[PDB]
Amino acid sequence: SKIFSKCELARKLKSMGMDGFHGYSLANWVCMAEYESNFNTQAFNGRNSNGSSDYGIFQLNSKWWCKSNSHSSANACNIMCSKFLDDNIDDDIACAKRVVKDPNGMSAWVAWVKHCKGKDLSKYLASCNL
Ligand SMILES: [Ca+2]
């Protein structure tokens, strides 16, 4: 039952070199996690806009990013989706890095687009000790 708090997730992704990863700040990555999953490592959504399922803290779809069975999968991260439901987000970060490499950047995550892209996040982590 791993559920993160903003500042905890931040210190975490800040130690995985995410701050500025692909030109994206640390606040953006977190902001993304807050609205995609509410910082829940076990968050699940089985009726995505597509039709598959979104897994974990970053809600990685199973049609493009991880492998399952319900349907085929490019499984571009070469890892089973269930891994994204366990409490060590070490392997979810590695796959979220692959995602931002695609043409649409962090817009791959609709929630980040809805409540993060157009917002002023200069103080989003101000209360955090990093
Ligand atoms: Ca994991």
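Whatever order the structure lists them in is the order used to number ligands and atoms, beginning at 1. Counting from 1, the numbers follow the sequence of the chain as shown.
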Salt bridge check, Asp54 against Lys63: does any charged N sit closer than 4.0 Å to a carboxylate O?
no
For residues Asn40 and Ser37, is any side-chain donor paired with an opposing acceptor at under 3.5 Å?
no
Within the stated cut-off of 3.0 Å, is an N/O/S atom of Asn88 closer than that to the Ca ion (ligand 1)?
yes
If I take the Ca ion (ligand 1) as the centre, what angle separates the OD1 atom of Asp92 from the OD1 atom of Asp86? Nearest 10 degrees is fine.
140°
Where the Ca ion (ligand 1) is the centre, what is the O-to-OD1 angle for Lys83 and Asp91, rounded to 10°?
80°
SG-SG distance between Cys81 and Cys66 under 2.5 Å?
yes
For atom NZ of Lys12, is the number of surrounding heavy atoms from other residues, nucleotides or ligands below 6.0 Å larger than 12?
yes
